[PDB]
There are 6 protein chains.
Amino acid sequence: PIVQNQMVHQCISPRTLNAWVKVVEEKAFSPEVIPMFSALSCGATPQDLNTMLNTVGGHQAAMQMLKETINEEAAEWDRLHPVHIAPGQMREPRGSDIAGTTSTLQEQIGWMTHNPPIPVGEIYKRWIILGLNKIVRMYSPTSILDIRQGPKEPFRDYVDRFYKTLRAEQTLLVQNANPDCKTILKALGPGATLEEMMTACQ
Amino acid sequence: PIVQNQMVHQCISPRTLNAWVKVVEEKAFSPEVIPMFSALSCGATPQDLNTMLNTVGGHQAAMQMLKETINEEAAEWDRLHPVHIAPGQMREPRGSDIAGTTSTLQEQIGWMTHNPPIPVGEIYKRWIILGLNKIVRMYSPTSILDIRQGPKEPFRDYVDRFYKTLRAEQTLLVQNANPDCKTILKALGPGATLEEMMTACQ
Amino acid sequence: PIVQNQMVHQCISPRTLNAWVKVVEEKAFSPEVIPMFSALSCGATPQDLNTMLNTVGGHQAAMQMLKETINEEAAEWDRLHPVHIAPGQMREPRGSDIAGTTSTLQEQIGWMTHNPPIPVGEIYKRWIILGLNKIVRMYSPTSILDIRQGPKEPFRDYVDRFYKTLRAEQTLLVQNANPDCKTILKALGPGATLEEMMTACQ
Amino acid sequence: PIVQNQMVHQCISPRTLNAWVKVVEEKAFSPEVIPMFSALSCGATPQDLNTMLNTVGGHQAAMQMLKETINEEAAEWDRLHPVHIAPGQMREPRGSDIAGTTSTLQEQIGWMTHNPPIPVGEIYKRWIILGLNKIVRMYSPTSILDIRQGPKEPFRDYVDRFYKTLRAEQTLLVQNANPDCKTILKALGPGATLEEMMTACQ
Amino acid sequence: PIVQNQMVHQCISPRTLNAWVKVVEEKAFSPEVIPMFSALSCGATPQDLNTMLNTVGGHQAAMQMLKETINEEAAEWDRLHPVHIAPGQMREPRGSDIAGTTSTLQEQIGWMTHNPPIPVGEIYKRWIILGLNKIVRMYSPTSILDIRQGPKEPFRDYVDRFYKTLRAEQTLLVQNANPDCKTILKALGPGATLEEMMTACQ
Amino acid sequence: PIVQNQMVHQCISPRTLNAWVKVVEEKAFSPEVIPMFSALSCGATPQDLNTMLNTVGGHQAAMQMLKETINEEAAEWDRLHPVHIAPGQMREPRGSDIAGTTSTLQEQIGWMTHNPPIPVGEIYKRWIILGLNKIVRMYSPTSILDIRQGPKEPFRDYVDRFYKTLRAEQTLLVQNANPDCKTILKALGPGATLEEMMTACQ
Ligand SMILES: Cc1cn([C@H]2C[C@H](N=[N+]=[N-])[C@@H](COP(=O)(O)OP(=O)(O)OP(=O)(O)O)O2)c(=O)[nH]c1=O
């Protein structure tokens, strides 16, 4: 990553490397993996981002879908930012330089610490996150339409399932509630907060 | 977070990230989670606070109740602090900027390290804590009225249950004691400290 | 805590937070918990001390006895140090400011780094330790009078039990020894060191 | 490694040492070991690279194949960069100096921090990585031609196996799919992305 | 401890605290605990040394024997260094100040960072180590005279037991060897190294 | 160790201490322990080297063989570097000073940070490593002549055993291969690389 000493390059830590590999191993593509990715890659260069993605051993279908989204984003970058070199001067990054496949670490550092910065790390991160969100959505196993409260399922447990599903996938809460709770919730009227719904079906 | 070097931004550490996720996994919304949240988010920016909340994988009913409390606090902020920009100048934060959904990290840093500081991290933290306290109270499973000393339950064990319940929920200690201990405690008279009660029913 | 860079404030570390919670979980109020508390709270502000106490999830009988001892110490402080403010000047701490319930972190820092310092962290720590020692003594399960050497119990094992009990609770060693060892120890005469006693009953 | 303070030498950390040994123990020569090697050896001197390789206890067939590839790369270096010393001056590195077998740590440091640098650490790392890629390929147990979708195997599971194999080893995806999915995929037409294939056989 | 920034005081780390408690829990008073104690207390003040000793929960017979040895060493210090104060000046340490029971942390720091230093931490450490060596010797369960090679016990295993015993306790190696190995060893003649003995009875 | 701030002394870390003790516990004197020793003792003083050796609890036969090799190396040092003191001047180290048994930490530091340095830490380390290599060789359980490929043993598994043995101990690879693989390997002709042998007997 690049952090403050000046803005300097630091090696990615074993701690970070291991945190990410273990998140992926334990959580696969549950939606909460994405903010963890984002936070573990704070200050990442593109080289660091590729490290993190490359150190994942399974899920190679997902990793190939990700390469696809990256190549689409990189093609769109190049459409909007065609590149035209001057000895000792900073060249303009192309999509593949942002994605770290045709740029050196030194180039990456030169862009990211330029004044003003060309934040290649943050641009690449957004393309990766875009890819990862597609993957989360792909691997979401259940439609929110199939999350319905069981006859002895506590409302709270049902709400947990409901919003967990909506998170991966992205009135009905009441519609999908069991008969007894639905009756209570209908009687609460419109404008009830979630808190008030949950208290009423407790 | 922002800490002293100057007040500088530092990446959230894997240690912190993992500590918080593991607290939530092991303790759910026992009341002791709140001071742990507070201490793990020392110096947090709003971006860091969202990271911590976003990395929680379960409990999405609670996470949605929290969003509600945040949006109420943010609406009250905006009622009290309407915003009116000057090139290169610091804009005034709105509720959604404090909550980190419409402000950049750079803006956040600019507010929090301003002289005088606009402590958006601490303001957001208070809204989050307000939400989390509601959640603790919601998930408290037992009324203090139902904590009563068993006939062979050691007084100390009963007192532990009593104050654990009162903590989640927020004379009777004596009223709820078993017959034998209640007699002893009545004889102690008013003004007995807890220490003296516990020694008397040992 | 406040440590040297100047004396600066630093966030409490996840390491410290977790160490303390795990000590309490594994050791409850064995006497060795107290020096561990003391060492983990090195440089603590009152806010940090409250963090550490607040992050404990069980033992709420003990935590309430502790609040009592704190309020007594704070009432005695106020009796000895009544407080009489000048714009931009440092106010004098009251008991509740020392205990961190009515003082801000900034006030705490201002007292503790004043020249000369008003060491609110160290004063509060002593009140806490006073409370914790009462708790250790309360939860000590056995009178030293009931620690007696078993007929086949190795002397060393008996001495361990004896001094472990005396530590929680706070001639007889010989009196409480078994017949065979007592005879040997009586023959050693007065002035024997513990080492010499232990060697004689080996 | 050499990192920024100046570019200074730092001892390899126990954390790094243990991370690498544990990667190798758990993952052997799965392809994801290589980027982990690369990232754990960030800033490595040749001495550090030899440390990391030497601390591996098993896999000595692989370690000897690696020595072979290193000696070939070192022989090619010497062919392209023959060496011709001046008291107190920096000598030119030979292959065996790059590989750290005939150079001291001090020499290594002198090359790597020279202006301009003679990046012996990065040159050696590339030879090692070249060797490790041969080893990954050797130990790849399955031809991509033998990865075929089972009749009840979910497409996603089959794609994972397919790209995992291709990664170790380095139209057919459709050819190797089961009859039912192959029919769907043929109907999608050419130019389908992987995402669209995976959605169609879901 | 006191370490270099100036010589400054630093809080004892949770890492150190936990390392020591775990050594004692796992190893009791095997002789190898002593060098670990020494290395974990590098730069320790007397306050730190007391912390480390006080955080041990079991072994209170040993801890009381240690207090005895400390009080003897402290009495001998006072015999050799009687103390005779000048406002704002450094007083001379007595035994009990060296052992940290009557000296403050500030006094300790003032002695240890004086020019020239009065190394109270190192003096106390030597008294502690003296005590701990007595304890190691006390708890050594076996005389070296009872370590004899079994008829099918590998020589190496026997030598391990022999020198392990001698270490706790502090020609015969040959005398205590089994008949077959003793014959071989007698034939080797005098002046054989241990290496040569071990090779001969392999 | 001594590392860069100036070259300053730093305490050995609990991390290092524990890493070494655990390596020895898990790996005994497999050859890979030696490079781990070397890397964990980077910058070690002789005092640190003795710490590391002294903290090992088992293997006291090996530890005594090591003392022997050290005393031989130290006797050879003294033969080549006899010592002839000037108030406030640096004395010349004898073998026993290099091995840290008759030199103080301060002396050690004075030698190692002298300009030019008298690298007592590196000299002692080489004597230790010399000893440890003898120990590795002693405890190597099998002659390379007894490593022969089983009739259903995969060639790769056999090569692993072969080079693992050669490493502890320090044409035949083909001679010791099973009949079927030996035939293939004979047909490959001379000059085959290990890679080509392994591919041919796959
Ligand atoms: C002793 C022991 C530790 N662990 C883990 C628990 C801990 N997880 N986290 N932290 C690790 C210790 O690594 P940790 O102390 O976190 O080291 P690091 O992350 O490098 O931080 P620093 O060195 O303090 O700067 O080992 C275990 O799983 N089982 C065990 O028996």
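One-based numbering, in listed order, for ligands and for the atoms of each. All values below come from the heavy atoms of this structure, side chains included, with hydrogens, waters and symmetry mates left out. Here is the naming used below: chain letters follow the sequence lines, and residue numbers restart at 1 for every chain.
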Please check: side-chain N/O of E:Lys164 versus main-chain N/O of F:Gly58, any donor-acceptor pairing under 3.5 Å? no
Would you check if the side chain of E:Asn54 reaches a backbone N or O of E:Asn50 as a donor-acceptor pair within less than 3.5 Å? yes
Filter on salt bridge (charged side-chain N to carboxylate O under 4.0 Å, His left out), then keep only pairs touching residues 28-37 of chain B, sequence neighbours left out; what's left? B:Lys27-B:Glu32
Quick note, salt bridge (charged side-chain N to carboxylate O under 4.0 Å, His left out) partners involving residues 7-19 of chain A, not counting sequence neighbours, are none
Pocket residues around ligand 1 (non-hydrogen, under 4.0 Å) come out as A:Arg15, B:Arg15, C:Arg15, D:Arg15, E:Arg15, F:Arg15
List in chain and number order the residues that pass salt bridge (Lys or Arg N to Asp or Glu O under 4.0 Å) with F:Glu25, two or more places apart in sequence or in another chain; answer none if no residue qualifies. F:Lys22
Is there a donor in the side chain of D:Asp48 and an acceptor in the side chain of D:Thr51, or the other way round, less than 3.5 Å apart? no
